[PDB]
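Enquirer: Before anything else, here's the structure in question.
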Amino acid sequence: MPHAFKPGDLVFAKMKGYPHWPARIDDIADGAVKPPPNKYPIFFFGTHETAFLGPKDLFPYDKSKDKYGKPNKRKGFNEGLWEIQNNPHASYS
């Protein structure tokens with residue numbers, strides 16, 4: 001049975017106006033800005049952007065990749081598909 005989201009989990013993350021996007025739950029570094037309550041720091045593969053999202057916008061990657069894991073014309077998306085498949089836990093800073 002599922003647990004709560006934890007750093008390192010792989011997802012497709014939904015933002016308004018964007019397709020479900022390959023991403024991971026990030027850690028928060030000591031001394032770094034924390035997310036709002038009930039939100040997680042989401043790192044988006046390909047764009048390498050961070051936004052704060054709740055579970056309603058987070059789709060576990062294994063279950064969802066057949067639906068969401070196809071190339072998309074949007075900037076950074078296809079690079080993102082490569083990262084989540086091939087090195088999802090690397091440093092992208």
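Identifiers in this document derive from the order of the structure tokens: chains are assigned A, B, ..., residues are numbered from 1 separately in each chain, and ligands are numbered from 1 in order of occurrence.
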List as number ranges by chain the protein and nucleic acid residues near stretch 7-24 of chain A, meaning an atom at most 8 Å away when only C-alpha atoms are counted, but skip any in the same chain fewer than 5 places from it.
Expert: A: 42-45, 57-62, 64-65, 68-69, 77, 80-81, 84, 88-89
Enquirer: Once you have the residues from the selection above, write them out as a PDB file, in the first residue's frame, restricted to C-alpha atoms.
Expert:
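The resulting file, again_21.pdb, is shown below:
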ATOM      1  CA  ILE A  42       8.959  19.691  -6.968  1.00  0.00           C
ATOM      2  CA  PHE A  43      11.949  19.686  -9.289  1.00  0.00           C
ATOM      3  CA  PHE A  44      10.937  19.553 -12.931  1.00  0.00           C
ATOM      4  CA  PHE A  45      13.217  17.557 -15.220  1.00  0.00           C
ATOM      5  CA  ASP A  57      -1.055  17.543  -8.679  1.00  0.00           C
ATOM      6  CA  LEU A  58       1.385  14.616  -8.163  1.00  0.00           C
ATOM      7  CA  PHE A  59       1.015  11.382 -10.175  1.00  0.00           C
ATOM      8  CA  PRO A  60       3.434   8.522  -9.304  1.00  0.00           C
ATOM      9  CA  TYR A  61       5.734   7.931 -12.255  1.00  0.00           C
ATOM     10  CA  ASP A  62       5.517   4.125 -12.579  1.00  0.00           C
ATOM     11  CA  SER A  64       1.409   7.141 -14.997  1.00  0.00           C
ATOM     12  CA  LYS A  65       4.244   6.868 -17.564  1.00  0.00           C
ATOM     13  CA  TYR A  68       2.034  10.873 -19.688  1.00  0.00           C
ATOM     14  CA  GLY A  69       5.481   9.753 -20.842  1.00  0.00           C
ATOM     15  CA  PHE A  77       9.913  18.297 -21.990  1.00  0.00           C
ATOM     16  CA  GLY A  80      12.950  15.869 -19.027  1.00  0.00           C
ATOM     17  CA  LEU A  81      11.735  12.439 -20.266  1.00  0.00           C
ATOM     18  CA  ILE A  84      13.593  10.831 -15.368  1.00  0.00           C
ATOM     19  CA  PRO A  88      16.508  10.769 -12.112  1.00  0.00           C
ATOM     20  CA  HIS A  89      18.563  11.176  -8.926  1.00  0.00           C
TER      21      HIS A  89
END
Enquirer: To test your reading of the structure, identify every residue in chain A that backbone DSSP assigns to helix (DSSP H, G or I), and report it as a ChimeraX atom specification.
Expert: /A:55-57,61-68,77-86
Enquirer: Using only C-alpha atoms, which of A:63, A:50, A:90, A:4 sits nearest residue A:38?
Expert: A:4
